[PDB]
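When the letters of the sequence shown are read in order and numbered with the authors' numbering, they come out as residues 246 to 330, 336 to 400, 404 to 493, 503 to 524, 528 to 661, 692 to 699, 711 to 728, 737 to 793.
The beta carbon of each residue, even a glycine, is placed where N, CA and C say it ideally should be.
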Amino acid sequence: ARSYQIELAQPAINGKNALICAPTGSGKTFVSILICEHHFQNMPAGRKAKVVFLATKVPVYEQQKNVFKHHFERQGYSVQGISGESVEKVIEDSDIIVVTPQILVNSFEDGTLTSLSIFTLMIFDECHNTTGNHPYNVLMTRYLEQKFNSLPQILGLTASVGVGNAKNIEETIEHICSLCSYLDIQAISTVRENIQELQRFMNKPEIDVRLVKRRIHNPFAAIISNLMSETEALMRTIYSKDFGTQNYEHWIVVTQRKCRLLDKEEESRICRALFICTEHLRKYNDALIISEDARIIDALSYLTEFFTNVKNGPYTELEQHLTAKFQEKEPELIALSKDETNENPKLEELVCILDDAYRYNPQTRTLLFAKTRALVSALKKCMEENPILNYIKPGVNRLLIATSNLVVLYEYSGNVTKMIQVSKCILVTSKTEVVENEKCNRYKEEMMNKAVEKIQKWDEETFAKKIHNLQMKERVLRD
């Protein structure tokens with residue numbers, strides 16, 4: 246048991262309702278089992294302890310059931326794990347119950363159970379969800395009912414308390430205290446006397462955000478985008503708008519399900538027809554994505570290959586047409602391939618990063634994350650045709696191009723800290747939107763920590779009152 250782990254569990258060990266706030270993968274659950282065994286050890290009276298470990302998601306719930314089983318059954322404790330797949339008995343028999351909250355919620359509104367005195371200690375995983383119509387809030391709302399009128406020790410575990418829609422630290426404080434009021438928290442526990450240790454234990458990788466230039470003119474987009482408009486036009490004729507996006511690929515998968523579905530000779534023919542139209546739109550969509558992030562010779566290549574296969578396949582009247590209508594524009598597109606002037610500067614900086622990355626450490630094993638499968642093959646081609654990366658041979692081998711030693715997120719539109727979990739990281743982007751989100755989150759983190767510090771430095775009674783009063787306020791608006 247690490248020092249920070251033991252620091253974390255102090256207040257809860259000392260009987261207080263505590264909210265443990267510590268990064269994902271610092272072993273908060275272990276800090277919880279630490280608290281449990283000390284719970285059982287120092288339990289007075291003829292009263293017997295009972296512990297609930299609530300878990301938000303059912304995949305997690307099973308890992309925690311097993312982890313609590315594995316640790317405590319060998320020490321002579323009964324540990325059942327109730328799930329969606336009689337709560338009266340299971341609670342009565344067991345010393346430790348790992349549960350989903352909805353089911354505990356059910357058995358309270360169902361009538362089966364109508365007291366939380368049963369439990370001596372309730373552990374809330376991902377406790378920041380205690381808000382609105384999340385089942386923790388209900389459970390706690392009931393907890394709060396039984397508080398004033400006529404209680405288990407509360408422990409809540411979260412990687413982040415968050416900052417709601419706060420404007421400034423002082424508005425953030427109010428959020429955290431509001432949250433704290435919902436869980437009846439008496440203490441906010443974070444690592445202070447062991448920040449050294451905690452940091453070492455999980456090297457949070459520096460996230461380099463490199464905003465890169467995306468070329469000015471992309472008529473290839475326009476040509477193709479119009480071919481897509483026309484194909485959609487056609488499609489609509491047979492069956493009674504921002505292209506080159508994930509959104510569009512979604513719609514295609516959606517629409518393609520509606521068309522499988524659907528005079529069964531009539532039905533059939535509209536299906537084929539629509540399947541063919543969606544398939545072609547998808548390939549267009551793919552190519553648009555390839556062009557945005559790679560060379561235009563890759564996007565045209567991708568399509569040339571496609572239509573060859575269509576030319577070689579069954580080659581329906583509808584397919585003949587659509588190939589025909591593509592070739593009508595092919596010259597114009599073949600023109601933009603050769604340019605040599607109109608090449609992707611997003612790619613340049615990707616390679617430029619890759620060059621200087623392989624200079625400070627030529628023994629690097631780089632893991633490049635493309636935006637789509639079709640990009641991987643296009644990027645794979647590019648590395649094999651580059652004068653700068655003439656030294657390097659990739660893989661799908693000191694470089695690995697994959698899709699969603712060193713991690714390169716080549717245009718990843720989404721939460722980065724998550725993707726890292728699936737120490738050196740670079741997020742390459744052209745969207746300014748993506749770049750400012752990083753600075754927004756880091757800043758929001760900044761506020762949470764300092765907010766927590768400022769709160770942590772209050773007197774214990776001062777704190778209690780803030781919470782007490784806040785709880786009373788809610789109570790008043792729940793008559």
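Check: Skipping 5 residues on each side, what residues in its chain have a beta carbon closer than 8 Å to that of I278?; Outcome: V312, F313, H316 and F317
Check: What residue does the alpha helix (DSSP H) around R789 start on, and which one ends it?; Outcome: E774 to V790
Check: Which residues in the same chain have their Cβ closer than 7 Å to the Cβ of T443, if we skip the five residues on either side of it in sequence?; Outcome: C266, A267 and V766
Check: Distance check for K594 and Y757, CA to CA, integer angstroms please.; Outcome: 49 Å
Check: Using a Cβ-Cβ cut-off of 8 Å (strictly less than) and excluding sequence neighbours within five positions of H284, which residues of its own chain qualify?; Outcome: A294, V296, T370, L371 and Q406
Check: Taking Cβ to Cβ, would you say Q439 is nearer than 9 Å to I781?; Outcome: yes
Check: May I ask which residues mark the beginning and end of the alpha helix (DSSP H) holding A486?; Outcome: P472 to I491
Check: Which ranges does the alpha helix (DSSP H) cover as unbroken runs of at least 4 residues, wholly within the stretch 563 to 606, from first to last along the chain?; Outcome: 582 to 592 and 595 to 603
Check: Look up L695 in the DSSP assignment and give the residues it is bridged to.; Outcome: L632 and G660
Check: Taking the straight line between their C-alpha atoms, what separation do you get for residue 794 and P351?; Outcome: Summary: the structure shown does not reach residue 794, with the chain confined to residues 246 through 793, and so no result is reported for it.
Check: Once DSSP output is grouped into helix, strand and coil, what is the label at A263?; Outcome: strand
Check: Between the alpha carbons of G382 and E330, how many angstroms are there, rounded?; Outcome: 26 Å
Check: Do you know how far the Cα of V303 is from the Cα of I353?; Outcome: 11 Å
Check: Can you check DSSP and say which residues form a bridge with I373?; Outcome: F298 and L408
Check: Under the assumption that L612 contacts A559 (Cβ atoms under 8 Å), give the Cβ distance between them as a whole number of angstroms.; Outcome: 6 Å
Check: Quick check on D461: does DSSP put it in helix, strand or coil?; Outcome: strand
Check: Considering only their Cβ atoms, is the gap separating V714 from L619 smaller than 9 Å?; Outcome: yes
Check: Hey, how far is the Cα of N574 from the Cα of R522?; Outcome: 22 Å
Check: Short check: CB of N609 to CB of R468, under 9 Å?; Outcome: yes
Check: Between which two residues does the alpha helix (DSSP H) containing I346 stretch?; Outcome: Segment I346 to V349 is the beta strand (DSSP E) holding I346; no alpha helix (DSSP H) there.
Check: Note down the Cα distance separating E446 from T606, rounded to an integer number of angstroms.; Outcome: 58 Å
Check: Relative to the C-alpha of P472, which candidate in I561, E395 and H428 has its C-alpha closest?; Outcome: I561
Check: Rounded to whole angstroms, what's the CA-CA distance from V349 to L487? Just pull it up for me.; Outcome: 54 Å
Check: For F591, I'd like the list of residues in its chain whose CB is within less than 8 Å of its CB, leaving aside the five on either flank, ordered along the chain.; Outcome: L480, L568 and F572
Check: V748 and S719: beta carbons closer than 9 Å?; Outcome: yes
Check: Check this for me: beta carbons of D375 and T269, under 9 Å apart or not?; Outcome: no
Check: Under the DSSP definition of a beta bridge, which residues are partnered with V713?; Outcome: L632 and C739
Check: In whole angstroms, what separates the C-alpha of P289 from that of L408?; Outcome: 19 Å
Check: Report the residue from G260, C281, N755 and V515 whose alpha carbon sits nearest the alpha carbon of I460.; Outcome: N755
Check: What residues match up with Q255 in a beta bridge as DSSP calls it?; Outcome: Answer by DSSP bridge pairing: none, since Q255 is not bridged.
Check: Beta carbon of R547, beta carbon of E511: below 9 Å?; Outcome: yes
Check: For the alpha helix (DSSP H) that contains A440, what are its first and last residues?; Outcome: Segment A440 to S442 is the beta strand (DSSP E) holding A440; no alpha helix (DSSP H) there.
Check: If you draw a straight line from the alpha carbon of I657 to that of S482, how long is it in whole angstroms?; Outcome: 40 Å
Check: Would you call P385 buried or exposed, if buried means 16 or more other Cβ atoms sit within 10 Å of its Cβ?; Outcome: buried
Check: Determine the extent of the alpha helix (DSSP H) in which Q308 is found, giving its start and end residues.; Outcome: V303 to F317
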